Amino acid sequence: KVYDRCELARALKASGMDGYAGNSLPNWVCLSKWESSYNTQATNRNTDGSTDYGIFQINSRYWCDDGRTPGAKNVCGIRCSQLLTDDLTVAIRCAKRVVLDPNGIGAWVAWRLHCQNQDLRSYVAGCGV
């Protein structure tokens, strides 16, 4: 599913992401936009054999099992396929686990590049949340 921006904001807000580990909602909408363009089915193959999955583009070397990633750990304890569903429940749960590590939201390259230190008001503008 390709989420609408406000539709995504409402689902994140409803799932307790606004302030999760000190990361306000606009942070999460901005990273989703630059990481996958709000598409839950996005996938990206990396040069190291790992693949990024879903709306948050979670990497298979560390967080999920895709069965073809060498030296993988699967910390979220899931199949990467579960990160591609229209339903965000597993993705949100795994994203919550990722931000608890030492690097926080800095784990996402798109956040570091396009969201970090920026004015993120426009990402939730007009959503009513």
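Numbering starts at 1 and runs along the sequence shown.
*Looking only at CA atoms, which has the higher mean B factor in the entry: 111 to 119 or 7 to 15?*
According to the entry, 111 to 119 carries the higher average C-alpha B-factor.
*Average Cα temperature factor in the PDB entry - higher stretch of 41 to 49, 84 to 92*: Comparing 84 to 92 with 41 to 49, the higher average CA B-factor belongs to 41 to 49.
*Checking the entry, which one of 77, 67, 26, 54 has the top C-alpha B factor?*
In this record, 67 carries the highest C-alpha B-factor of the candidates.
_Among 99, 30, 72, 58 - the residue whose C-alpha B-factor is largest in the record_ = Reading the PDB entry, the winner on C-alpha B-factor is 72.
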